Amino acid sequence: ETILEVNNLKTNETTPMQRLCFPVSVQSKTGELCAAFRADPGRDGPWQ
Amino acid sequence: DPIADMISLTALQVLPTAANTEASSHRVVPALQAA
Amino acid sequence: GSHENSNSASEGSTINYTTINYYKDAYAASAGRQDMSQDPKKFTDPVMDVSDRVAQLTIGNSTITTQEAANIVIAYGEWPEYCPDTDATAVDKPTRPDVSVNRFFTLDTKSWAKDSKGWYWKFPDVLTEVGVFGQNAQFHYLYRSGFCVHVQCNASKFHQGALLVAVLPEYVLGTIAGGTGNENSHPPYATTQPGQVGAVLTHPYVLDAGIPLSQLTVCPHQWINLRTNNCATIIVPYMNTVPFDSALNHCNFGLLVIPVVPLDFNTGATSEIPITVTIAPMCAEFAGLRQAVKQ
Amino acid sequence: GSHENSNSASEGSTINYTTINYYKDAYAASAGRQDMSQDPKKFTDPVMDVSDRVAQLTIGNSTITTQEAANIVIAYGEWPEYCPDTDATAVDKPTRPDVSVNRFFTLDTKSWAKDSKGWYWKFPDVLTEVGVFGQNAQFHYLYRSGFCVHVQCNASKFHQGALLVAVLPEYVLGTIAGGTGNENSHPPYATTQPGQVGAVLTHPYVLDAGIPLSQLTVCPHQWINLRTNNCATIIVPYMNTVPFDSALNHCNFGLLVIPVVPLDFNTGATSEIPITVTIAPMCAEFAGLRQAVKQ
Amino acid sequence: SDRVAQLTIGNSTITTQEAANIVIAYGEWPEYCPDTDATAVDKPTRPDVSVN
Ligand SMILES: [Cl-]
Ligand SMILES: [Cl-]
Ligand SMILES: [Cl-]
Ligand SMILES: [Cl-]
Ligand SMILES: [Cl-]
Ligand SMILES: [Cl-]
Ligand SMILES: [Cl-]
Ligand SMILES: [Cl-]
Ligand SMILES: [Cl-]
């Protein structure tokens, strides 16, 4: 296991350490979506 | 054969009379229940 | 004479009675002496194990991991099972989809508030329009199945409250009868079969049906006491006077979630305390194929 | 040296070749001598019985009774079968609905006219939106199945004509290329996957694909010659380069019904001569459950 | 699981769970006085449940 950059946003690029983890926080609405990403491992994205 | 994925605990008792009571003394946690 | 026909209502039980009779039909006989059988371990202790919190149940392509569990209840001490040939009546070969239907479906989430009254859902009404299960329920006249009910509710060690989660077979609802009791009103389809969103109890004390909440524990149930556990699980076997039935016209039972001890917490602590219901039908069987019918 | 790795494209067949080699990889080897095997009885005689007209086949809650039958064809001499573990690749447990999907579905009827060109349907496109089969095809990513095709056409002993009913695997269609052949046009989704209504051939002689109708009989087929029989039946096993596949993006084969000898009859005789298609998937298996997708 | 407990004597029962185990003073259990050590000759009364 190695770390997945799920939080690979354009706004992180200058503070990359932030890509190494994504957040969860007290929701005000039920059943919200926290994060999403492709499972394709050889594809450009979090898996890289 | 060429496919491998295709190959009540409680019961009654007769109780004619009420259960009895047995002797005990000054002596495991049976008083506290997880209701 | 004395030799007769086998037509008494109690001729297929492992409990015999001594009688007296002179007519050819058995039902004419006296009530007789009552044997003294008893099974107090199917209501008072229909629990799992007749590190319990720690767990993980898998069915279909779904898996639940529960750790602040209060063990698991097996309703009336019986496991769900496909209908046996002796009890069966319909002659067509039933379809038993397995994985596509016997899995975990997670319905809408409700929010628990300091003044919440309580909620309820009907089975199988809740899934008649969900996934493959629903589709089969629509295309078939007859349906039969068991259920695994998982109710979830998290909260900090600084919150408090207690939900009573119970299953009530044949949950027939009543109306407040115009208040005065002179109006013979009836619940609309939307109240008797609320769908997957469930409904709210208006008078929890009498379960909107003229019966005491105080005695609901005589039904397969489990408690979610915030300081002890944050989820409850109940396995439910098929219950009906018939082997199969319409999933549309008849709801075998209702699930009730009622705050018996109201939610409370000091202001500043998370106020959004949701309750989520995840259910999995078990041993689903369908028969009487035809075109799809929604109701 | 001489001992190597087992990586030749022809290493899993009951037909061996004698070769010469000095590299560690087997595919580097020469073609070698060709053994002389042959199976001329799967194309020239893939018929039933390797009172034949008289019959009755039952599957699911459906039954066909054929009497002016021309026997039954088993495509390429193989019966449909659930996918075996050696060939399987996807690891989730597949769902095998059985009766609710393996049964007879009867699609729209077409009318045979003295000038009809011919029709075709794609599999499984034709059932993607029908009954429980369709529903499973939508909720699952992967699908695999066989088929039983029954084409029906009645006519008096005074009518004449002959339909060629054939199955063409991977029936890829082509366009007339703007006529001149300078336009690289392509068939629209409506022509490649006509649905349950099927489509009409514009140039039957070349099967709308640059190939001779005259040779279509090299495919599992059967004839409906009005003076001899009024129905045809063909069992088709799953055919693909993969064990399972999308029922939406890929059509394993097409069914063609072409009037090779045109319909004719003396005026006064019934002019409405319909053709009806009834199909039954066999050994349907689905996997990769998720939400429903129509395309 | 030493913390978890429940001791019963007479018609009373204590349930202790954040216990630090139990101490037996000088390693000896209470016991009615033995005849060798006894001196007073009258038969003693041993009420049992009403007092213990
Ligand atoms: Cl929600
Ligand atoms: Cl990839
Ligand atoms: Cl009696
Ligand atoms: Cl709510
Ligand atoms: Cl109330
Ligand atoms: Cl050769
Ligand atoms: Cl029609
Ligand atoms: Cl037509
Ligand atoms: Cl042509």
# chains A, B, ... in the order shown; residues from 1 in each chain; ligands from 1
$ residues_near_ligand --ligand "ligand 2" --cutoff "7 Å" --atoms "only C-alpha atoms and all ligand atoms" --output "list in words"
residues 40, 41, 42 and 43 of chain A
$ interface_residues --of "chain C" --to "chain D" --cutoff "6 Å" --atoms "only C-alpha atoms" --output "list in words"
residues 95, 97 and 99 of chain C
$ write_last_selection --atoms "N, CA, C and O atoms" --output "PDB file, in the first residue's frame"
ATOM      1  N   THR C  95     -38.576 -18.619  -9.117  1.00  0.00           N
ATOM      2  CA  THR C  95     -37.283 -18.098  -9.529  1.00  0.00           C
ATOM      3  C   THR C  95     -36.622 -17.647  -8.222  1.00  0.00           C
ATOM      4  O   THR C  95     -37.276 -17.053  -7.362  1.00  0.00           O
ATOM      5  N   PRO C  97     -33.457 -15.603  -7.675  1.00  0.00           N
ATOM      6  CA  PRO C  97     -32.411 -14.679  -8.135  1.00  0.00           C
ATOM      7  C   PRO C  97     -31.111 -14.673  -7.339  1.00  0.00           C
ATOM      8  O   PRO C  97     -30.038 -14.398  -7.892  1.00  0.00           O
ATOM      9  N   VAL C  99     -28.031 -13.547  -5.412  1.00  0.00           N
ATOM     10  CA  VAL C  99     -27.223 -12.330  -5.274  1.00  0.00           C
ATOM     11  C   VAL C  99     -27.786 -10.991  -5.734  1.00  0.00           C
ATOM     12  O   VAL C  99     -27.556  -9.967  -5.074  1.00  0.00           O
TER      13      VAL C  99
END
$ interface_residues --of "chain D" --to "chain B" --cutoff "8 Å" --atoms "only C-alpha atoms" --output "number ranges by chain"
D: 83-85, 93
$ residues_around --residues "residue D:255" --least-positions-apart "2" --cutoff "6 Å" --atoms "only C-alpha atoms" --output "PyMOL selection string"
chain D and resi 120-121+166-167
$ residues_near_ligand --ligand "ligand 5" --cutoff "6 Å" --atoms "only C-alpha atoms and all ligand atoms" --output "short mmCIF file (atom, residue, chain, number, x, y, z; two decimals) with N, CA, C and O atoms, in the first residue's frame"
data_model
loop_
_atom_site.label_atom_id
_atom_site.label_comp_id
_atom_site.auth_asym_id
_atom_site.auth_seq_id
_atom_site.Cartn_x
_atom_site.Cartn_y
_atom_site.Cartn_z
N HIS C 203 -48.99 9.52 17.00
CA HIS C 203 -49.24 9.19 18.39
C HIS C 203 -48.48 7.94 18.78
O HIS C 203 -49.06 6.88 19.00
N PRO C 204 -47.15 8.06 18.87
CA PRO C 204 -46.30 6.92 19.24
C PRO C 204 -46.75 6.12 20.47
O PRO C 204 -46.65 4.89 20.48
N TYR C 205 -47.25 6.79 21.49
CA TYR C 205 -47.68 6.10 22.71
C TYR C 205 -48.62 4.92 22.42
O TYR C 205 -48.55 3.89 23.10
#
$ closest_residue --among "D:11, D:35, D:4, D:129" --to "ligand 6" --atoms "only C-alpha atoms and all ligand atoms"
D:35
$ residues_around --residues "stretch 8-17 of chain E" --least-positions-apart "4" --cutoff "10 Å" --atoms "only C-alpha atoms" --output "list in words"
residues 24, 25, 26, 27, 29, 30, 31 and 32 of chain B; 1, 2, 3, 4, 21, 48, 49, 50, 51 and 52 of chain E
$ closest_residue --among "A:48, A:8, A:28, A:15" --to "ligand 1" --atoms "only C-alpha atoms and all ligand atoms"
A:28
$ decode --residues "stretch 104-115 of chain C" --atoms "N, CA and C atoms" --output "PDB file, in the first residue's frame"
ATOM      1  N   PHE C 104     -27.718  -5.914   0.484  1.00  0.00           N
ATOM      2  CA  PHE C 104     -28.056  -4.737   1.285  1.00  0.00           C
ATOM      3  C   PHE C 104     -28.426  -3.468   0.544  1.00  0.00           C
ATOM      4  N   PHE C 105     -29.644  -3.010   0.788  1.00  0.00           N
ATOM      5  CA  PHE C 105     -30.147  -1.788   0.178  1.00  0.00           C
ATOM      6  C   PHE C 105     -30.227  -0.757   1.283  1.00  0.00           C
ATOM      7  N   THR C 106     -29.718   0.437   1.012  1.00  0.00           N
ATOM      8  CA  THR C 106     -29.716   1.490   2.012  1.00  0.00           C
ATOM      9  C   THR C 106     -30.652   2.634   1.625  1.00  0.00           C
ATOM     10  N   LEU C 107     -31.800   2.680   2.303  1.00  0.00           N
ATOM     11  CA  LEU C 107     -32.849   3.681   2.080  1.00  0.00           C
ATOM     12  C   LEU C 107     -32.537   5.045   2.656  1.00  0.00           C
ATOM     13  N   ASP C 108     -33.386   6.007   2.317  1.00  0.00           N
ATOM     14  CA  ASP C 108     -33.221   7.372   2.792  1.00  0.00           C
ATOM     15  C   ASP C 108     -32.919   7.449   4.278  1.00  0.00           C
ATOM     16  N   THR C 109     -32.257   8.532   4.654  1.00  0.00           N
ATOM     17  CA  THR C 109     -31.863   8.777   6.028  1.00  0.00           C
ATOM     18  C   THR C 109     -32.774   9.805   6.667  1.00  0.00           C
ATOM     19  N   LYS C 110     -33.059   9.595   7.944  1.00  0.00           N
ATOM     20  CA  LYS C 110     -33.918  10.498   8.687  1.00  0.00           C
ATOM     21  C   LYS C 110     -33.043  11.224   9.715  1.00  0.00           C
ATOM     22  N   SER C 111     -33.524  12.360  10.217  1.00  0.00           N
ATOM     23  CA  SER C 111     -32.772  13.135  11.198  1.00  0.00           C
ATOM     24  C   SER C 111     -33.458  13.105  12.553  1.00  0.00           C
ATOM     25  N   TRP C 112     -32.706  12.709  13.569  1.00  0.00           N
ATOM     26  CA  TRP C 112     -33.240  12.625  14.914  1.00  0.00           C
ATOM     27  C   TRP C 112     -33.106  13.975  15.620  1.00  0.00           C
ATOM     28  N   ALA C 113     -34.247  14.503  16.048  1.00  0.00           N
ATOM     29  CA  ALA C 113     -34.302  15.782  16.741  1.00  0.00           C
ATOM     30  C   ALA C 113     -34.840  15.594  18.156  1.00  0.00           C
ATOM     31  N   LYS C 114     -34.520  16.544  19.032  1.00  0.00           N
ATOM     32  CA  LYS C 114     -34.951  16.474  20.422  1.00  0.00           C
ATOM     33  C   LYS C 114     -36.463  16.272  20.585  1.00  0.00           C
ATOM     34  N   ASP C 115     -37.233  16.605  19.552  1.00  0.00           N
ATOM     35  CA  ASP C 115     -38.689  16.465  19.620  1.00  0.00           C
ATOM     36  C   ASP C 115     -39.279  15.447  18.639  1.00  0.00           C
TER      37      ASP C 115
END
